[PDB]
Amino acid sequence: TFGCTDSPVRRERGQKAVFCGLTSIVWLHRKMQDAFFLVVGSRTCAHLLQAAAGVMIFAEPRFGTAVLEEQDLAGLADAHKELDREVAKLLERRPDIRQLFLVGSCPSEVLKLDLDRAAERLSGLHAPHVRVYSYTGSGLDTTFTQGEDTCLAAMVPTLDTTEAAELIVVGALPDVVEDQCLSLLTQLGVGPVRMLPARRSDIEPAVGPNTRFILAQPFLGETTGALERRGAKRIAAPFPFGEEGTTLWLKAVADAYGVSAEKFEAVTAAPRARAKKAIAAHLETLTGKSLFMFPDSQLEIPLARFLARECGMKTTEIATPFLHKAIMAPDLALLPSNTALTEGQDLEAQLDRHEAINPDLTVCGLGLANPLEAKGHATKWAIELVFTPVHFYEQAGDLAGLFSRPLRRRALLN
């Protein structure tokens, strides 16, 4: 009745309608104050970033694209020299940049520009004031949120060493969410706890053989691997979405740090009740409604789990761009047994399945949202789940509200 542990997931390739990992810069540059994100790509990549950024593009943001010119398209050694000239020119103008990320794209990768080596040589040149990294955000390699994962993983080898037994919470979270997380954990008697990424380059967490980490976000497979390579040990947990997800997440940390059951219960009791109450306000519209999720971000399984178990929704097909088995285990074990799971996408085939199901609410991207609405399908646009505070207790009702809203609007307008 509950448990998708052994559910056969449909793995699917074909036409896809997803974002590349470049899009991660849009939220990363806001969290990471000392950082600049320089894409090496074409006008296409620049055009994506500006359309994605919206009003952000006019807010003097800490990102840009070194757009490939015709002369850059042949002769690898010359292209590397041009990149260095372009970086030297940017850095010379911008003393405030302490972290520079060289971001890989489809054009740079087909050109086989070794940005990993460029980062290595640029770090050596511009040390100690500017550390430069390299990671891929290309559509060939990443989908949407995986851009955060490749970014954070690039920082890990370079983090300071320590023998301290500290906690690292991994994932870029809204400041309010991050603050609540630190508070709850401090109340539980666990510390010091640091965040990856930090808000500044001079306060990144150190890592060593006694470090524990826990993922706040499901899409962090590479970063997990890199942390494990440094000796860090992961705390397995469902993702902190809703009252139940948050409790189970904090409980895993508590159990790992030997926190008493009485202490856990006393710190967690009030915020738990407040979360369940906030959610209850959205139960009437949400309960019994069929849910369908197109793949976008890897938040699908944890959010499907939250919506079924806490909001009474019925799952139909729940699709994800990538499913990390070990990381997704705790959530899969709670996901209702009926759920049809998909990894990847064959767009037209998936759209045919969608129409046959005729789901009450469809989570999908902005390329699908309006066309689906026009066909009489109520939608919930997927990007909002990455651009709203949605983790932990205080945001549990707001999260439910994100899904009740489009159904309430539909009813309101007819």
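By rigid core we mean the largest C-alpha set that fits within 1.5 Å across both forms. Counting begins at 1, following the sequence as shown.
Q: Which stretch is less alike in 5 other deposited structures of this protein, 367-375 or 66-74, counting RMS CA distance after the rigid core is superposed?
A: So, of the two stretches, the farther one in 5 other deposited structures of this protein is 66-74.
Q: In 5 other deposited structures of this protein, superposed on the rigid core, which stretch sits farther off in Cα RMS terms, 78-86 or 204-212?
A: If we average over structures and residues in 5 other deposited structures of this protein, the farther stretch is 78-86.
Q: Averaging the C-alpha B factors as listed in the entry, name the stretch that ends up higher: 338-346 or 119-127.
A: According to the PDB entry, the answer is 119-127.
Q: Which is higher in the entry, the mean Cα B factor of 54-62 or that of 29-37?
A: The deposited B-factors put 54-62 ahead on the C-alpha mean.
Q: Per the coordinate record, which of the options 214, 261, 232, 73 holds the highest CA temperature factor?
A: Top of the list by C-alpha B-factor: 261.
Q: Against its chain's modelled residues, does residue 402's Cα B factor rank lowest, middle or highest third?
A: Its C-alpha B-factor belongs to the lowest third of this chain's values.
Q: What third of its chain, lowest, middle or highest, does the C-alpha temperature factor of residue 82 fall into?
A: Ranked within chain, residue 82 CA B lands in the highest tercile.
Q: Relative to the other modelled residues of the same chain, rank the CA B-factor of residue 276 and answer lowest, middle or highest third.
A: Middle third - that is where residue 276 ends up once the chain's C-alpha B-factors are sorted.
Q: Could you tell me which third, lowest, middle or highest, the C-alpha B-factor of residue 49 occupies within its chain?
A: Highest third of the chain for residue 49's C-alpha B-factor.
Q: Would you mind checking where the Cα B-factor of residue 300 ranks among the modelled residues of its chain, as the lowest, middle or highest third?
A: Ranked within chain, residue 300 CA B lands in the lowest tercile.
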